[PDB]
Every structure is written in C-alpha cells, then in structure tokens.
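Structure, as structure tokens:
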Amino acid sequence: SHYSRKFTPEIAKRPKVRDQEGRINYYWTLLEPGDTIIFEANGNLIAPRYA
Amino acid sequence: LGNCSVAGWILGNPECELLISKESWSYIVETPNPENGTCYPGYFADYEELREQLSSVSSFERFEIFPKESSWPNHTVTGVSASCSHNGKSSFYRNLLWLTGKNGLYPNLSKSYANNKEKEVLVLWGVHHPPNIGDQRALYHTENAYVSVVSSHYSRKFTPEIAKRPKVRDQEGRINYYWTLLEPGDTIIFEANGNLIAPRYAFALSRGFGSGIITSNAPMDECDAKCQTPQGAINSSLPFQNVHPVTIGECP
Amino acid sequence: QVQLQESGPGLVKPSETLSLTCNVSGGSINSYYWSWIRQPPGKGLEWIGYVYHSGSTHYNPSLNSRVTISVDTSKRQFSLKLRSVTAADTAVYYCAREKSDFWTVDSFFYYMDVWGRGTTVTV
Amino acid sequence: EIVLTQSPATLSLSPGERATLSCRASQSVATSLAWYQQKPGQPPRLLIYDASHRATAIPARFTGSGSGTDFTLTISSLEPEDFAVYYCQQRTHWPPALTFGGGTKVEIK
C-alpha cells in the first residue's frame, strides 16, 4: 500500500565473478501491520521462503 | 582551472586545451561563474559526487583508454558540433569520441577493457539523446538503441529517449555524461548498439589528502606560503584567523 | 557499388491499382532512405513518398492514402502501391536511393541520390 | 508548403560562355538545396549538393554557390555536351518532404 516497482531482468554477459556469469539483485522491504504484499511475476523470480 | 568548469575540464573542453599538460598539482581553483564549461548541453549524471572525487586526488595521469586509431575500424569518429566551436572551426571534446555510423552501417560494438594500472581509474562517456527521430536515423541508422556498461560492481541500461527540447545553444539535442571508477583488477565492458559517446581519455587516478576545490577571483603570482584561502594566503604563525572559513593546507 | 533496377512495366485502366516493383543489386536495402520518384512528361518532378530502410513510411501529403511501400522482407526489393490510379498521373517512374551524409551535428544538408532507369507507367 | 520558384525559365548561350541559373525558395531553407543535370532521355545524375560542392569526379565546368533563400549556379566554362536541363531540390529534414523546383533548359543561339 506504499511500495511498488516494476522489474525487467536485462540480459548481458558480465565478467566472471565466481566462475558463473549471471547475477541477481536482492531486494527487501518492510510491511506495517495490516499491509498486504503482492508478488506478481511472469519470469525471473527468487521468491521468499523465510520472511 | 581558469575559465572552464570542472565539468568542462574533466571532459577536455576545447577552451582550456592548455590545461591538458599538467598532471600534478596542489589545489583546484574555480571562477565562480565559469561560462565555457560543458560545451555540448546536457545533464552531468551525479555531477556533485564526481566534484567530490577531485577534492582529494593528489595527481593523475591520462591515457588513451581506446586509441582513436585502431579502436574503431568499422566506425567513424571525426564528428564535430558547430556549437562546440573553437577558433570558428567546429570541434568536439578532447576526451570523448562521437562514434557515428560509417559506410551506411553502425555495427554492434563491444569494446571491453581490463584494468591493470594498479590504481583506481576513471572513465567517462555519454549517450546522445537526439531531439528528433530523423536526427537519430541520419546519425546512427536505427530507430531505437540501447547502451550497456558493465563492471563487477556496476551495470545499467541506456535507452536514449527522443524529445524536442528548448533551445540551449541553438542546438536542440542533449547528452547525459556519466562516469565511474574501476578498482584494480576490474574489467569494464562497453556494449552498445547506438547513441554512444565513447571514451578516449580515461583518467588513471591517485588519491590523497591536503588538496581541495575553492572558488576565487584573485590573480596568481610568485608567493610562497602554506595556508591559502579564497582571499589569499597566510604567512604568519598566529593560531586564529578571521579571513575566511574555508582553508587549504595546514592552517590556523 | 550499389546499382538499382525497377520492375513492373505495362499499362493500367482508370480506377484500377498500380503495383510495380524495384529490386536492388550491388549492396542491399539495409541502410539508406529508398525513394519513389515520378515525372509527368514535359514537366517537373514531384515525389510520391518514401520509406526508411527499416520500414517506416513517409508519404506525400498531397497524394495521401493511395500508396503503400515496404521491402519484401527478403530485403532485396521494394514496390509501389497505387490504388485508384486515375488516367491523369502518367509518368516515367524513378526508383531512387536517398542517402543522408553530414558534416557537423546540425546541417544534414547532404541528401544525395542514386537511381535506376525510370519506369514508363503509361496509363 | 515549401516551394521552389525558379528564374529564368530558360537561358540560351553560345557554347563556351558563362552560365547562371537560380532557384528561389518560398521560405528560409538554410543550405539543404541541391541541383542536378538531365540529358535528353537519360535518367539524371546528381551534380551539386549542399549548393556548395561538386559531385564525385565532375569537371571544372560547374560550381554551385549562395546561401539562404536564393541560390545560384555558375558555369565557369561550358562544353557542348552540357546542353541539358538543370534542376533544384530541397529536402526538409524531419518530415522528409522532398520537393523540387521548375527545371529549365540551356539551349543555344
């Protein structure tokens, strides 16, 4: 109810990092009590398991 | 620094070309309202932060990161802009290059760079937003375009939007200049398809302490002091002064 | 060296539709602006309209909504559409390449041309 | 909207003299005007572009000049093969809007 943004995973070869070229960006947020968070996705998610 | 701003000087503005050949120094100076600054109009991305880079760099050597000769065989570089004049003959920035399509093509380019200078290196570039789709096709031979720059800590995606904007120097298009730092052992990759302003003079940096940026008016002659302020220097051992708060060097 | 030749000669009845092609030798249709030129006999030369090598169109406003141009997706030929061809616009029809060169980043005055041999579209 | 009124509609001369042709715009097109040549029957070849420069390997005969609205052509020296019809061409940049002018013939006396 206060946070929203749109993720388009760009594609690009990047230097070796741990002998594995792809990367993620981790994100995070806080929910006040009474707030509902919605995870709309179509591809390239790393869904939460331990909030 | 004379007339050009810091934005002008780091980009090699064609009005302080004479500033090229000094690589070691003590402290920057700045006329408060520098006019011949960023000759091609636009919006320096994170200008202030980079301004803070130079407040503490001791000395720095410049070098052709991609030499103009062999770096771009399939492209053409000799592209100037009448706004960015010099003696009346149209010219461009020293440190940047205008990679425009050549021989009717603008082939995809990936001109990477593995830094091995054992020091922090500085890199500049920009993506040219034309004011008009026809400008874009006449200059880069493609409707849309994308630019990517990648490091082991830095990456972002550039899509040059098209929009007519007010007159700025009688020339509607604009660029955004950008910049970044490379730690030793880092490789930067320049993936682009259209609308680049590739780097030509990357700056190899060397930090320190004791320098700074000021904003003065006074002329320069053969003093010899230790504590300079926008209103001059001090040559006394008294411990407190009321000349100006900002100082340079060890000061009362 | 790019050399060009048109195709599709003949006649046409009034109110019918004209369609004549134009295929490219030497290089290809990848880069430049490719243009359609007509000239009524014993007069000047107007310009029907032309399309970008990528395939974005620009048609003469005075003769709107009677034309359709593109490349045949083999990127070696392009053709002119002309619906409701009145017996008025009889002309030798020119296929012309229009390429834009420049000096500064402002004056794109260079709009060069190379064209074929003209198509005798007699109505 | 932009149109190229011409003058003279014809010029005649004895081969070897000076020649001069001009085109007049209906507005202020800066310098993007270019003029041609078209022999009897054959398709035309571009000669002078930006109203300033000769084409690739074109003899010393031609020169296009002027700037602003009225542009003029000069023949420093002519050859009888040049007896042909010359043009003018304006190309507005963004809405491409290519429009020609009159086009006149250079006969003899």
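Chain labels A, B, ... are given in the sequence in which chains occur in the structure tokens; within each chain residues are numbered consecutively from 1, and ligands are likewise numbered from 1 in the order shown.
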Counting only C-alpha atoms, collect the residues of chain A whose closest atom lies at most 8 Å from chain B, and write them out as an MDAnalysis selection string. chainID A and resid 10 14:15 17
When the cut-off is 9 Å and we count only C-alpha atoms, which residues of chain D are near chain B, given as number ranges by chain? D: 93-96
Which residues of chain B come within 7 Å of chain C, and for each one, what is the closest pair of atoms and their distance in Å to one decimal, counting only C-alpha atoms, sorted by chain and residue number, as a Markdown table?
```
| residue | atom | partner | partner_atom | distance |
| --- | --- | --- | --- | --- |
| B:79 | CA | C:104 | CA | 6.5 |
| B:80 | CA | C:104 | CA | 5.3 |
| B:81 | CA | C:105 | CA | 5.0 |
| B:82 | CA | C:104 | CA | 6.2 |
| B:104 | CA | C:31 | CA | 5.5 |
| B:105 | CA | C:31 | CA | 6.5 |
| B:138 | CA | C:100 | CA | 6.0 |
| B:141 | CA | C:31 | CA | 6.8 |
```
Selection above as a file: C-alpha atoms, as a CSV table (one decimal), in the first residue's frame:
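This went into selection-v6.csv:
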```
chain,number,residue,atom,x,y,z
B,79,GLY,CA,32.3,14.2,-35.8
B,80,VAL,CA,32.1,17.8,-34.5
B,81,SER,CA,29.3,20.1,-33.5
B,82,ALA,CA,29.1,23.8,-34.5
B,104,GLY,CA,26.0,3.2,-44.1
B,105,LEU,CA,26.3,0.8,-41.1
B,138,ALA,CA,20.6,10.1,-40.1
B,141,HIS,CA,20.9,4.2,-38.7
```
Residues of chain C near chain D: apply a cut-off of 6 Å, count only C-alpha atoms, and supply the list as number ranges by chain. C: 44, 109, 117
Those same residues - N, CA, C and O atoms - I'd like them written as an mmCIF file, in the first residue's frame.
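Once written, selection_28.cif looks like this:
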```cif
data_model
loop_
_atom_site.group_PDB
_atom_site.id
_atom_site.type_symbol
_atom_site.label_atom_id
_atom_site.label_comp_id
_atom_site.auth_asym_id
_atom_site.auth_seq_id
_atom_site.Cartn_x
_atom_site.Cartn_y
_atom_site.Cartn_z
ATOM 1 N N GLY C 44 8.026 19.014 -64.440
ATOM 2 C CA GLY C 44 8.995 18.801 -63.384
ATOM 3 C C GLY C 44 8.904 17.413 -62.791
ATOM 4 O O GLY C 44 8.469 16.458 -63.442
ATOM 5 N N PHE C 109 22.360 18.726 -44.576
ATOM 6 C CA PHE C 109 22.031 19.137 -45.934
ATOM 7 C C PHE C 109 22.330 18.053 -46.950
ATOM 8 O O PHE C 109 21.661 17.989 -47.984
ATOM 9 N N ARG C 117 16.631 3.514 -63.871
ATOM 10 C CA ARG C 117 16.443 3.923 -65.258
ATOM 11 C C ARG C 117 15.034 4.422 -65.550
ATOM 12 O O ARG C 117 14.711 4.682 -66.715
#
```
Name the residues in contact with residue C:67 at a cut-off of 12 Å, using only C-alpha atoms, excluding same-chain residues fewer than 5 positions from it; report them as a PyMOL selection string. chain C and resi 17-20+36+47-51+57-62+79-85
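Near residue C:116, within 8 Å and counting only C-alpha atoms, sit residues 3, 4, 5, 6, 94, 95 and 96 of chain C; 43 of chain D, not including residues fewer than 6 positions from it in the same chain.
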Assign secondary structure with DSSP using the backbone only, and return the residues of chain C in strand (DSSP E) as number ranges by chain. C: 4-6, 16-24, 33-39, 46-51, 57-59, 67-71, 77-85, 91-101, 110-115, 119-121
Give me, as a list in words, all polymer residues having an atom no more than 9 Å from residue B:147, counting only C-alpha atoms and skipping those fewer than 5 positions away in the same chain. residues 127, 156, 157, 158, 159, 160, 190, 191, 192, 193, 194, 195 and 196 of chain B
If you count only C-alpha atoms, which residues fall within 7 Å of stretch 15-19 of chain D, apart from same-chain ones fewer than 3 positions away, as number ranges by chain? D: 74-80
Suppose we keep N, CA and C atoms; can you now write the selection as an mmCIF file, in the first residue's frame?
```
data_model
loop_
_atom_site.group_PDB
_atom_site.id
_atom_site.type_symbol
_atom_site.label_atom_id
_atom_site.label_comp_id
_atom_site.auth_asym_id
_atom_site.auth_seq_id
_atom_site.Cartn_x
_atom_site.Cartn_y
_atom_site.Cartn_z
ATOM 1 N N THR D 74 26.834 28.488 -61.389
ATOM 2 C CA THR D 74 27.743 29.101 -62.342
ATOM 3 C C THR D 74 28.436 28.031 -63.171
ATOM 4 N N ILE D 75 28.613 28.329 -64.454
ATOM 5 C CA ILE D 75 29.451 27.561 -65.366
ATOM 6 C C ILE D 75 30.654 28.429 -65.704
ATOM 7 N N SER D 76 31.765 28.198 -65.002
ATOM 8 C CA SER D 76 32.994 28.920 -65.307
ATOM 9 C C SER D 76 33.423 28.700 -66.748
ATOM 10 N N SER D 77 33.164 27.510 -67.283
ATOM 11 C CA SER D 77 33.453 27.192 -68.673
ATOM 12 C C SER D 77 32.558 26.031 -69.065
ATOM 13 N N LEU D 78 31.980 26.097 -70.256
ATOM 14 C CA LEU D 78 30.970 25.138 -70.675
ATOM 15 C C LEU D 78 31.499 24.277 -71.815
ATOM 16 N N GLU D 79 30.869 23.119 -71.995
ATOM 17 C CA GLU D 79 31.133 22.231 -73.113
ATOM 18 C C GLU D 79 29.817 21.850 -73.776
ATOM 19 N N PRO D 80 29.827 21.611 -75.092
ATOM 20 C CA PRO D 80 28.554 21.401 -75.801
ATOM 21 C C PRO D 80 27.769 20.210 -75.298
#
```
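Between atom CA of residue B:123 and atom CA of residue B:43 lies a distance of 16.7 Å.
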Selection near residue B:220, 12 Å with only C-alpha atoms, sequence-local residues under 6 positions removed, as a ChimeraX atom specification: /B:1-2,29,228,230-233
Those residues you just picked out, can you put them in a file as an mmCIF file, in the first residue's frame with C-alpha atoms?
```
data_model
loop_
_atom_site.group_PDB
_atom_site.id
_atom_site.type_symbol
_atom_site.label_atom_id
_atom_site.label_comp_id
_atom_site.auth_asym_id
_atom_site.auth_seq_id
_atom_site.Cartn_x
_atom_site.Cartn_y
_atom_site.Cartn_z
ATOM 1 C CA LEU B 1 41.477 25.831 -13.889
ATOM 2 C CA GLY B 2 40.913 29.211 -15.493
ATOM 3 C CA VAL B 29 40.713 26.943 -8.451
ATOM 4 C CA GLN B 228 45.683 29.635 1.125
ATOM 5 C CA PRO B 230 39.791 32.220 -1.463
ATOM 6 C CA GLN B 231 41.024 35.662 -0.377
ATOM 7 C CA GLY B 232 44.697 34.713 -0.483
ATOM 8 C CA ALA B 233 47.356 33.064 1.636
#
```
Where does DSSP see helix (DSSP H, G or I) in stretch 23-165 of chain B, if you list the residues as a ChimeraX atom specification? /B:47-56,133-140
Generate the output file for the selected residues, N, CA and C atoms, as a JSON list (two decimals), in the first residue's frame.
```json
[["chain", "number", "residue", "atom", "x", "y", "z"],
["B", 47, "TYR", "N", 26.90, 14.88, -10.92],
["B", 47, "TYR", "CA", 27.97, 15.86, -11.08],
["B", 47, "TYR", "C", 28.66, 16.13, -9.75],
["B", 48, "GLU", "N", 27.88, 16.37, -8.70],
["B", 48, "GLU", "CA", 28.46, 16.78, -7.43],
["B", 48, "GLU", "C", 29.36, 15.71, -6.84],
["B", 49, "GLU", "N", 28.94, 14.45, -6.92],
["B", 49, "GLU", "CA", 29.76, 13.37, -6.38],
["B", 49, "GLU", "C", 31.13, 13.35, -7.03],
["B", 50, "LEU", "N", 31.17, 13.44, -8.36],
["B", 50, "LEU", "CA", 32.45, 13.47, -9.05],
["B", 50, "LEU", "C", 33.22, 14.73, -8.67],
["B", 51, "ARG", "N", 32.51, 15.84, -8.48],
["B", 51, "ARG", "CA", 33.15, 17.04, -7.97],
["B", 51, "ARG", "C", 33.87, 16.74, -6.67],
["B", 52, "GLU", "N", 33.30, 15.84, -5.87],
["B", 52, "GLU", "CA", 33.94, 15.47, -4.61],
["B", 52, "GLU", "C", 35.09, 14.49, -4.83],
["B", 53, "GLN", "N", 35.10, 13.73, -5.93],
["B", 53, "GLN", "CA", 36.28, 12.93, -6.27],
["B", 53, "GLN", "C", 37.51, 13.81, -6.29],
["B", 54, "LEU", "N", 37.44, 14.89, -7.06],
["B", 54, "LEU", "CA", 38.61, 15.68, -7.34],
["B", 54, "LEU", "C", 39.04, 16.53, -6.15],
["B", 55, "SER", "N", 38.21, 16.62, -5.11],
["B", 55, "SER", "CA", 38.61, 17.42, -3.96],
["B", 55, "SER", "C", 39.78, 16.82, -3.20],
["B", 56, "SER", "N", 40.16, 15.57, -3.49],
["B", 56, "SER", "CA", 41.22, 14.95, -2.71],
["B", 56, "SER", "C", 42.17, 14.10, -3.55],
["B", 133, "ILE", "N", 13.52, 12.07, -34.28],
["B", 133, "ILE", "CA", 13.77, 10.72, -34.76],
["B", 133, "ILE", "C", 14.58, 10.75, -36.05],
["B", 134, "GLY", "N", 14.30, 11.72, -36.92],
["B", 134, "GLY", "CA", 15.07, 11.85, -38.15],
["B", 134, "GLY", "C", 16.54, 12.09, -37.90],
["B", 135, "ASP", "N", 16.86, 12.85, -36.85],
["B", 135, "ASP", "CA", 18.25, 13.02, -36.46],
["B", 135, "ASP", "C", 18.87, 11.67, -36.13],
["B", 136, "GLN", "N", 18.14, 10.86, -35.37],
["B", 136, "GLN", "CA", 18.64, 9.56, -34.96],
["B", 136, "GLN", "C", 18.96, 8.62, -36.11],
["B", 137, "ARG", "N", 18.08, 8.57, -37.10],
["B", 137, "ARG", "CA", 18.31, 7.70, -38.25],
["B", 137, "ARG", "C", 19.41, 8.23, -39.18],
["B", 138, "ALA", "N", 19.55, 9.55, -39.26],
["B", 138, "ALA", "CA", 20.56, 10.14, -40.12],
["B", 138, "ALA", "C", 21.91, 10.03, -39.44],
["B", 139, "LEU", "N", 21.94, 9.79, -38.13],
["B", 139, "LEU", "CA", 23.21, 9.77, -37.42],
["B", 139, "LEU", "C", 23.64, 8.40, -36.92],
["B", 140, "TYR", "N", 22.70, 7.49, -36.64],
["B", 140, "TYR", "CA", 23.06, 6.17, -36.14],
["B", 140, "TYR", "C", 22.35, 5.02, -36.82]]
```
If I take atom CA of residue B:63 and atom CA of residue B:112, how far is one from the other in Å, to one decimal? 15.7 Å
